[PDB]
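To keep things clear, I will list the structure first and then write my remarks on it.
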Amino acid sequence: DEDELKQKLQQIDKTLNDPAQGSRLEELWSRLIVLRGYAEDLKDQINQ
Amino acid sequence: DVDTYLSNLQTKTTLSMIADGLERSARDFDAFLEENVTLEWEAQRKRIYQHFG
Amino acid sequence: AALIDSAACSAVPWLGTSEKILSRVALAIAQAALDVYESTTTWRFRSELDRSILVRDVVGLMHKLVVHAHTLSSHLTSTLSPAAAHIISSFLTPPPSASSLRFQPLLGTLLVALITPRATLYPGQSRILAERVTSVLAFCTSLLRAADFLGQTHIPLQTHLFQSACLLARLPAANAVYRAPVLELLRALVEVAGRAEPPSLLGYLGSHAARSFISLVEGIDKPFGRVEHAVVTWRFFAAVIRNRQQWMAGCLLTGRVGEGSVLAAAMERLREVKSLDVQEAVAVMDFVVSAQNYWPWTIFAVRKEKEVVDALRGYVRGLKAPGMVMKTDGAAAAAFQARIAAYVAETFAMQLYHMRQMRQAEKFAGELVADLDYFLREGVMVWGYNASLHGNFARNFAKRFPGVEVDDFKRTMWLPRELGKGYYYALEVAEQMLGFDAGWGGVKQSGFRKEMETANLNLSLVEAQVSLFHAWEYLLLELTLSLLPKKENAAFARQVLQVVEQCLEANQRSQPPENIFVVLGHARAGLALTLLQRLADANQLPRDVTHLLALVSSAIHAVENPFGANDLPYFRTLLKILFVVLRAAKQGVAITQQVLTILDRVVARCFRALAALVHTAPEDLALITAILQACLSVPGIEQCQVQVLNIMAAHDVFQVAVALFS
Amino acid sequence: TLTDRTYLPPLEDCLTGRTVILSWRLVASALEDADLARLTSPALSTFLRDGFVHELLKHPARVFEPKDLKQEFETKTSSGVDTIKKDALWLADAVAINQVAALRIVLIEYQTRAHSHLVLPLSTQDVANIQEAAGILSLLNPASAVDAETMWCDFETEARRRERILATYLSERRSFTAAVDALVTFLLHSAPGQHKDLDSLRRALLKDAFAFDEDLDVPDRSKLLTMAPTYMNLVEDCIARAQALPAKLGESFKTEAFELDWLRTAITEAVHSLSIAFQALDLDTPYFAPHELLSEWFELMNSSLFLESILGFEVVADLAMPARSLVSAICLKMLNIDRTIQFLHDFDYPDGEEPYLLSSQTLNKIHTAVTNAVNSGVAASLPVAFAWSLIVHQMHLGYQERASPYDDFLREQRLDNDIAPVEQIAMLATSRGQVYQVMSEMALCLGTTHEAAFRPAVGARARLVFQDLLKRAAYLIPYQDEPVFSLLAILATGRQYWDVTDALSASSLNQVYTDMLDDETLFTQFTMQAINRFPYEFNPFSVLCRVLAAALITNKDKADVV
Amino acid sequence: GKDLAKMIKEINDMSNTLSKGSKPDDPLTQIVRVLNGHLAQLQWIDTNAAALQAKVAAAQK
């Protein structure tokens, strides 16, 4: 039954260890920081 | 201060938010013209009120 | 390759040829080169140097073919157009069965380069491998730019270019020479990933490998400190930050605030701009703006925590920045200084917007307004176009080259235009295209080369002036709201009035071309419109319309009267400008003779034109009505009513008014 | 007043990164590529213009001679420093280098950890991506590939860190040798028409280090001619380390890979020393070198078997072939067959320097060394042996006409009555054209084409000894196809058609070519005969015209010869 | 999960601070939050109820 275990493990491990899936988060973070800076600037501007 | 700034921040280019100043100006100009023409109608009526006596 | 290079010179020895013959030969050559490139992945050479030289040669040929097609958009690049087109269709959208046969050669080359051992001997093989790698990188960049152009939404080559960057991240470790080309390629891949979230690059690179690459590239050519590799790494950083990359951007900005991050060194370079090369300063400021607009919360925070070193240097740069720098020592540095000032103004405006959002922009704005001298000197005024020398050069080139025109050397927007001597005219190609006959070289470094360089420098200066225009427009727009209280009113009103006068004068003086730059019509009118709007809201005008309205009247007279033409925004903004001007005049005699021109020739003509066209219109008619209402309120009219009765009755406007009312 | 400030900046800069020390790798790269910007950079300019770096490059032995600099090491390491100091002390205890050099190497390795990590085998995900790209091309190693986690956890270990430190030490040694070699090359054979900044930097470096001023009618070559023994003595320590690894080094690190890396590094250092010596020698071509140095050099070569003991392995052939070629080149250079024959036939004193011809002990040493080399059965000694045989063949006749110091040699080893040994050696060398084939191979490895092992100028100046040997040997052995093909492979080197450019270079580089039209021996024997044997013997005349037209493009004085 | 949580927190911070940042102790963000809670709970109710409704169709054999 070990084969099935390592099969599942390999499947999920393969699903996790992907360039795109891992990259999406990193891209998202910066993609958030953009809005962070933009919002903070636009906020400071309309901070009256 | 920085905590709230990061909490209320949006992921978007900053040069686009400042641009909204143009839209806001285009939307304020209308009301400003309406105030011009109302203070003008007012002035006219006033001068007529000073013409009749 | 030599045949293609010779055909590239289509501006000329050639007895017995024709366009069709050269085109067919070039197409056959391209087909043969592509077949060789697809078949090289199966031969077995006695050594690797032979295959390396072959790959280098074919890649250089393909690169020279690709660049020559998009470098220009005139007929000069038509001889090799079927060939370049073929190579692009075969390297951008190949069939799914033979898609990997065209990509495996590049992968094998990258593998052989990333696992070649370092050796102090055999410099020939080393230089050959270096040139091969640089040619492959340039070819990848050219393919990426070609895909970005022509509107390609699905690029199947990007999937392979990601896994090639997976290797190019480690390739520089074997040779420092690859640091600039590799980065360039990456920049072009990122650009293609922008105008097309994209495939996560961290998934292909890896945490450890990505951190190592970042720690290797963060120092911009520290041991030597060159300008070329510096501008290259700053454009690379700006492109990586501008795109949706977020993990890499965070690791490059934070450094894992910033203590060893790129910004820690960018501040060290910004604090010495007074002596640093202006060429690199432009790229540093571009990187700063790219990190601010997308990641403001970090860059602005670090700059405020260290503003004592940046604000002082900015003020120093602003105070000692003359406006007319052409006359003094230096001709090409004018555009660089203008671009640096434009970027500095943009950064100041962005940080002021952020502070206003944080309600901490009062003191900073009050201290910065005293540094706008360079702006008052060389800001909204774009009259430094010097159309005289441009027209003279155009005539001299059309007289000596009847077939080839000056506009034929316009770039196709294939590569980001440099703010140098090649902004509009392609000098890198012209040097080898027009240097065959006497006249290009010239005695004492004269001729057409120097004039073309001066024209390109003037165009770059105009572009920098437009950038500074936009930056100062945003800055002043936000300052008008910031400086609402009753203080520093004198200098503020003086600056605003000077800006308005400069804009109105430039609107009359010689205009720039519409094919090179963007049409200025309606671009600089709303600026003065909102300025006068806010100044009227504050009611701090010196009622000096006696001279300010003359320029507006001249513009309205010499605008060709496009009341209902395509130039409707321009007409509307001019009408709003004259409305606010005559309203300011009303708040204030020698004014009636100067304002009766609009009541006699402007309002009546526009009203008649609108009534005739209406047989869009509603808003224009309402604006004209408001203009007339606000113009009839000037005190100088309550006595000249006699004089104006005849001009108002001559056009019989009441008849058409009652007709439209029916 | 020569400190190591610019050479070894404070540790605080190296750690914080405010100033990356200019390691020898970057200097070697900049000198090899001849980049204008890097060579004219402020950092490298100040580094090279310093007198400390000049004294160090003029005395490389002192850079690694065992000394006691404990005080300097403690003062530098005081005012992650604990690990750096520990690694520096461990390296100084293992290798005989000083503590300052060990600390500098450790700091350079610390600054270059990114490269050392990126040059490691890729992870499993990378291999998977490569396989997906591939759909020949099997240059991977998936059987040993591991994930990134286990690759990084093993990178931060102690054994791996020490191995990387030793590898970086060897790489920095090779980089220093290559950098000093390229610097001497650029300073002695500087090309014309270069940027003003390069010329100014060259003049400054010369006037500061060797007082070699071009505006002086007679520059001071003393400090430049004293660079031959400085490296001929260091070659001793190089071969000693090649034949025996450090004893204080731990046994766990002495693995097959480490032994191979050490051998390759020693071979590269020896080759660079030999090249620097050859350059310093050809700087003064007509005059002779001090016999006191050639004596010791020939004794060294006799003892070491022309480095055949360290090069005998089959895994260093790529580095042995060029090493043997450079050894033969420097031997023929210090031999000066041309000037030697001129002195033996003219009997006039050169006055530049005393030659070994006046010392019978040096002659005996050279003869016994050549005899041992020929008896050992080595090919590298073929051209040197042949040359020496020719010299003895001219000394015999010189004695027959006089039937003075050389007579002592001629009568010491029983070489007066019989001439059997040298004649048999020459016969064996000329049999099957083995000497000509090995000379052609050396020229290929010491040429200008992309197949050459050294820079174009290096090979251009190295072919001079072989050309002179063929010049003096041409009138002895008759005209024949083998010597002609040998000279063709030498002068042409087998380059391609697109290897011809109009790039103007120094006259020195063109010397090896113009000599064909300058000396009458190489003019009336090869060029005239090659022209006469046409189109019958087409290849010689054709290749000669090709090389002449490729080399005399800028030479307006000999542009219409072809 | 932890990093994702951090992200979400930061997004909330930026949105909340952007929409309002001169009175973080106010009753608006209060109503917003509580009202979001109610939305989520209502969604849960709806979905689960729908699931149970679906589960009954099985007994309709």
Being surrounded by fewer than 21 Cβ atoms within 10 Å (Cβ to Cβ) and farther than 26 Å from A:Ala39 by Cβ is the requirement here; does C:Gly219 meet it?
yes
Does C:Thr625 satisfy being under 22 Å from B:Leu33 (Cα atoms), within 14 Å of chain B (Cβ to nearest Cβ), of a type in the set (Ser, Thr, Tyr) and touching a helix residue (DSSP H, G or I) at 6+ places or on another chain (Cβ under 6 Å)?
no
Has the range C:548-571 got any residue that is surrounded by 14 or more Cβ atoms within 10 Å (Cβ to Cβ) and within 30 Å of C:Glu362 (Cβ to Cβ)?
yes
Can you find, within the range B:15-34, the residue that is nearest to the chain's Cα centre (by Cα) among those that are of a type in the set (A, V, I, L, M) and farther than 14 Å from C:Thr480 by Cα?
B:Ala31
Can you pull out the residues in the range C:425-450 that are over 25 Å from C:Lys64 (Cβ atoms) and not hydrophobic (A, V, I, L, M, F, W, C)?
C:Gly439, C:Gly442, C:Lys444, C:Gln445, C:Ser446, C:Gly447, C:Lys450
Considering each residue of chain B, count those that are away from chain E (no Cβ under 14 Å), among the hydrophobic types (A, V, I, L, M, F, W, C) and either more than 20 Å from C:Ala528 (Cβ to Cβ) or touching a strand residue (DSSP E or B) at 6+ places or on another chain (Cβ under 6 Å) (or both), and give that number.
7
Quick test for you: out of C:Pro95, C:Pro117, pick the one residue that is away from every other protein chain (no Cβ under 13 Å), outside any helix (DSSP H, G or I) and either in contact with a helix residue (DSSP H, G or I) (Cβ under 8 Å, 6 or more places away or on another chain) or not charged (D, E, K, R) (or both).
C:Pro95
In the range C:616-655, the residues that are exposed (fewer than 11 other Cβ atoms within 10 Å of the Cβ) and within 44 Å of the chain's Cα centre (by Cα)
C:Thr616, C:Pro618, C:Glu619
State which residue is nearest to C:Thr347 (Cα to Cα) when the search covers only the range A:1-31 and only residues that are more than 7 Å from chain C (Cβ to nearest Cβ), within 16 Å of the chain's Cα centre (by Cα) and part of a helix (DSSP H, G or I).
A:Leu16
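Quick grid of which residues meet (1) under 24 Å from the mean Cα position of the chain (by Cα); (2) crowded, with 22+ Cβ neighbours inside 10 Å; (3) small (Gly, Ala, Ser):
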{"site": "C:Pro96", "(1), (2), (3)": "no, no, no"}
{"site": "C:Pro117", "(1), (2), (3)": "no, no, no"}
{"site": "C:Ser126", "(1), (2), (3)": "no, no, yes"}
{"site": "C:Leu161", "(1), (2), (3)": "no, yes, no"}
{"site": "C:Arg170", "(1), (2), (3)": "no, yes, no"}
Of the candidates C:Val12, C:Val59, C:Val67, C:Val55, the one satisfying the condition of being of a type outside the set (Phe, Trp, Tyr) and surrounded by fewer than 18 Cβ atoms within 10 Å (Cβ to Cβ) is C:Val12
The one condition C:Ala196 fails out of (1) more than 13 Å from chain A (Cβ to nearest Cβ); (2) assigned to a loop (DSSP other than H, G, I, E, B); (3) farther than 28 Å from D:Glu132 by Cα is (3)
Considering only the range C:347-384, how many residues are within 14 Å of chain A (Cβ to nearest Cβ), surrounded by fewer than 20 Cβ atoms within 10 Å (Cβ to Cβ) and of a type in the set (A, V, I, L, M)?
1
Of the residues in the range D:1-21, those that are among the hydroxyl-bearing types (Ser, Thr, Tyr) and within 30 Å of the chain's Cα centre (by Cα) number 3
Count, please, the residues in the range C:125-178 that happen to be of a type in the set (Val, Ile, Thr) and within 12 Å of another protein chain (Cβ to nearest Cβ).
3
Taking the range D:503-537 and keeping residues part of a loop (DSSP other than H, G, I, E, B) and more than 27 Å from the chain's Cα centre (by Cα) leaves D:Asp519, D:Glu520, D:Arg533, D:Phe534, D:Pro535, D:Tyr536, D:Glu537
From (1) more than 9 Å from every other protein chain (Cβ to nearest Cβ); (2) within 20 Å of D:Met227 (Cα to Cα); (3) of a type in the set (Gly, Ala, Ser), pick out the condition that doesn't hold for D:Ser45.
(2)
Residue within the range D:371-393 that is more than 30 Å from D:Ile490 (Cβ to Cβ) and either among the hydroxyl-bearing types (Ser, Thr, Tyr) or surrounded by 13 or more Cβ atoms within 10 Å (Cβ to Cβ) (or both) present:
no
Whether any residue in the range D:87-108 is of a type outside the set (S, T, N, Q), within 14 Å of another protein chain (Cβ to nearest Cβ) and buried (at least 19 other Cβ atoms within 10 Å of the Cβ) is what I want to check.
yes
Subset of the range E:15-61, residues under 17 Å from the mean Cα position of the chain (by Cα) and under 30 Å from C:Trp297 (Cα atoms), comes to E:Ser15, E:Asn16, E:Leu28, E:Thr29, E:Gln30, E:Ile31, E:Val32, E:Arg33, E:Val34, E:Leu35, E:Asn36, E:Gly37
For D:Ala128, state whether it is within 12 Å of chain C (Cβ to nearest Cβ) and of a type in the set (A, V, I, L, M, F, W, C).
yes
Do any helices (runs of 4 or more DSSP H) entirely within the range D:204-275 hold 2 or more residues that are of a type in the set (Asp, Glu), and if so, which?
D:234-243
Condition test on D:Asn372, is it under 26 Å from D:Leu307 (Cβ atoms) and within 25 Å of the chain's Cα centre (by Cα)?
yes
Residues in the range D:405-420: is at least one among the aromatic types (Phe, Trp, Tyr), buried (at least 19 other Cβ atoms within 10 Å of the Cβ) and within 30 Å of D:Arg495 (Cα to Cα)?
no
Just wondering, is there one or more residues in the range D:63-75 that are out of contact with any helix residue (DSSP H, G or I) (no Cβ under 6 Å at 6 or more places or on another chain), among the aliphatic types (A, V, I, L, M) and more than 9 Å from chain C (Cβ to nearest Cβ)?
no
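Don't worry about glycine lacking a Cβ; one is built from the backbone with ideal geometry, like all the others, and counts go over all protein chains shown. Values quoted throughout were computed directly from the atomic coordinates according to the rules given, and no laboratory measurement underlies them.
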